[PDB]
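**Student:** Below is the structure I would like to discuss, written out as structure tokens.
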Amino acid sequence: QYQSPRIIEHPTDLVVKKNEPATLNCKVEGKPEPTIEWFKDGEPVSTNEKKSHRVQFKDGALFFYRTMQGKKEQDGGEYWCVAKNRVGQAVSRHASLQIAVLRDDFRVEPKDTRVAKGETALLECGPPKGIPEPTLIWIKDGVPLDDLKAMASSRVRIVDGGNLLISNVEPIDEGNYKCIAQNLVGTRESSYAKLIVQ
């Protein structure tokens, strides 16, 4: 008959590793067949073809064969599609496409610490900012301290997101500690700090 455009599948938020491919969907319905147009941060995405890098499939999907985030190209942003035709038009949800990142400077790194048995020790670790959220693990002399868990009155435990806390300091606790952060982008390491039990 003569149905006005409808959006049957909205594009969804997406995080991608730099230079990897990416796809934002736009399943449209309408009679006449609606024409689909894409927008990035309010401006129309000059695509379809031409000597560029953003492609638009027949199903209206926006395809980045290689997602870019450099000085020249920056695909990061808010995207959305509009379906039109003689009778009307429909708009899709605005989805956000962003390239994973991992700032490489620690907010705070642990520093050498001395402490007497029984006393309480605290090693600082402020992992650098990253998206996705970076993961933070502690390593003592090459052996990763496996307590990457969460909520019991254990011995050594992480606190304030990133800081290592040792309640009753024994002598075995002596050693070199360092914390590591990581997400899709890669890995980030703080230098080694020595914990001395006097």
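Each chain in the structure tokens gets a letter, A, B, ..., in the order shown, and its residues are numbered from 1; ligands are numbered from 1 in order too.
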Using only C-alpha atoms, determine which residues lie at most 10 Å from residue 155 in chain A, disregarding the query and same-chain residues fewer than 4 positions distant; provide the list as a PDB file with N, CA and C atoms, in the first residue's frame.

**Tutor:**
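The resulting file, out.pdb, is shown below:
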ATOM      1  N   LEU A 165      46.528  -3.339  50.654  1.00  0.00           N
ATOM      2  CA  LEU A 165      46.555  -3.177  52.095  1.00  0.00           C
ATOM      3  C   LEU A 165      46.931  -4.490  52.771  1.00  0.00           C
ATOM      4  N   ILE A 166      47.921  -4.423  53.652  1.00  0.00           N
ATOM      5  CA  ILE A 166      48.384  -5.589  54.392  1.00  0.00           C
ATOM      6  C   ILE A 166      48.212  -5.270  55.881  1.00  0.00           C
ATOM      7  N   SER A 167      47.219  -5.909  56.504  1.00  0.00           N
ATOM      8  CA  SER A 167      46.889  -5.708  57.916  1.00  0.00           C
ATOM      9  C   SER A 167      48.020  -5.999  58.896  1.00  0.00           C
ATOM     10  N   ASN A 168      48.282  -7.272  59.158  1.00  0.00           N
ATOM     11  CA  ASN A 168      49.362  -7.622  60.069  1.00  0.00           C
ATOM     12  C   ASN A 168      50.594  -7.974  59.235  1.00  0.00           C
ATOM     13  N   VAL A 169      51.548  -7.054  59.142  1.00  0.00           N
ATOM     14  CA  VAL A 169      52.739  -7.300  58.341  1.00  0.00           C
ATOM     15  C   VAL A 169      53.703  -8.328  58.913  1.00  0.00           C
TER      16      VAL A 169
END

**Student:** Can you build me a table of range 15-115 of chain A residues sitting at most 7 Å from range 131-151 of chain A, with the closest atom pair per residue and its distance in Å to one decimal, using only C-alpha atoms, sorted by chain and residue number, as a Markdown table?

**Tutor:**
| residue | atom | partner | partner_atom | distance |
| --- | --- | --- | --- | --- |
| A:100 | CA | A:131 | CA | 5.4 |
| A:101 | CA | A:131 | CA | 5.5 |
| A:102 | CA | A:131 | CA | 6.6 |

**Student:** Can you pull out the residues contacting residue 32 in chain A? Cut-off 8 Å, using only C-alpha atoms, and skip same-chain residues under 4 positions away; I want them as a PyMOL selection string.

**Tutor:** chain A and resi 2-3+85-86

**Student:** Grab the residues selected above and save them as a compact mmCIF listing (two decimals), in the first residue's frame with N, CA and C atoms.

**Tutor:**
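Saved file selection-v5.txt follows:
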# COMPACT_ATOMS: atom_id res chain seq x y z
N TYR A 2 0.95 1.97 1.15
CA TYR A 2 1.73 3.21 1.24
C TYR A 2 2.18 3.55 2.65
N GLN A 3 2.94 2.65 3.26
CA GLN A 3 3.40 2.85 4.63
C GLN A 3 4.59 3.78 4.82
N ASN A 85 10.92 8.86 2.68
CA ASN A 85 10.13 8.49 1.50
C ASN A 85 8.95 9.46 1.31
N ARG A 86 8.30 9.44 0.15
CA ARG A 86 7.18 10.34 -0.15
C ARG A 86 6.14 10.59 0.94

**Student:** With only C-alpha atoms as the counted atoms, please give the residues lying no more than 12 Å from residue 34 in chain A, apart from itself and same-chain residues fewer than 3 positions off, as an NGL selection string.

**Tutor:** :A and (2-7 or 26-31 or 37 or 58-60 or 81-91)

**Student:** So which one's closest to residue 187 in chain A, A:44, A:160, A:67, A:103? Using only C-alpha atoms, please.

**Tutor:**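 Using only C-alpha atoms, the shortest distance to residue 187 in chain A belongs to A:103.
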
**Student:** Pick the closest to residue 40 in chain A from A:95, A:121, A:22, A:184: which is it, counting only C-alpha atoms?

**Tutor:**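 The shortest atom-to-atom distance to residue 40 in chain A comes from A:95.
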
**Student:** List as a PyMOL selection string the protein and nucleic acid residues near residue 93 in chain A, meaning an atom at most 12 Å away when only C-alpha atoms are counted, but skip any in the same chain fewer than 3 places from it.

**Tutor:** chain A and resi 7-13+24-27+38-39+78-82+90+96

**Student:** Go ahead and write the selection's residues with C-alpha atoms as an mmCIF file, in the first residue's frame.

**Tutor:**
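Saved result, selection-v9.cif, follows:
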data_model
loop_
_atom_site.group_PDB
_atom_site.id
_atom_site.type_symbol
_atom_site.label_atom_id
_atom_site.label_comp_id
_atom_site.auth_asym_id
_atom_site.auth_seq_id
_atom_site.Cartn_x
_atom_site.Cartn_y
_atom_site.Cartn_z
ATOM 1 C CA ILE A 7 12.924 1.743 12.146
ATOM 2 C CA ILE A 8 12.866 -1.959 12.964
ATOM 3 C CA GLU A 9 16.463 -2.257 14.183
ATOM 4 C CA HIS A 10 18.333 0.518 15.951
ATOM 5 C CA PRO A 11 22.121 0.877 15.940
ATOM 6 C CA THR A 12 23.630 0.024 19.341
ATOM 7 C CA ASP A 13 26.520 1.579 21.285
ATOM 8 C CA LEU A 24 26.340 0.278 13.130
ATOM 9 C CA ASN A 25 22.967 -1.142 12.008
ATOM 10 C CA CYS A 26 19.861 0.507 10.594
ATOM 11 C CA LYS A 27 17.076 -1.905 9.598
ATOM 12 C CA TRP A 38 23.581 8.711 8.355
ATOM 13 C CA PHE A 39 24.578 11.434 10.817
ATOM 14 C CA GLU A 78 27.452 9.819 18.201
ATOM 15 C CA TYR A 79 25.818 8.212 15.130
ATOM 16 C CA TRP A 80 22.226 7.705 13.929
ATOM 17 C CA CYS A 81 20.143 7.105 10.786
ATOM 18 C CA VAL A 82 17.070 8.640 9.151
ATOM 19 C CA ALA A 90 11.561 7.969 10.965
ATOM 20 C CA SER A 96 27.867 6.025 20.397
#

**Student:** Please compute the CA of residue 177 in chain A-CA of residue 112 in chain A distance, one decimal, in Å.

**Tutor:**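 Taking CA of residue 177 in chain A and CA of residue 112 in chain A, their separation equals 9.0 Å.
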
**Student:** Rounded to one decimal in Å, what is the spacing between CA of residue 69 in chain A and CA of residue 92 in chain A?

**Tutor:**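 Straight-line distance from CA of residue 69 in chain A to CA of residue 92 in chain A works out to 24.5 Å.
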
**Student:** Would you please work out which residue, of A:46, A:191, A:170, A:57, is nearest to residue 115 in chain A when using only C-alpha atoms?

**Tutor:**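 For residue 115 in chain A, the nearest of the candidates is A:170.
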
**Student:** Pick out the closest residue to residue 130 in chain A from this set: A:153, A:183, A:35, A:1. Count only C-alpha atoms.

**Tutor:**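 Going through A:153, A:183, A:35, A:1 one by one, the smallest distance to residue 130 in chain A is for A:183.
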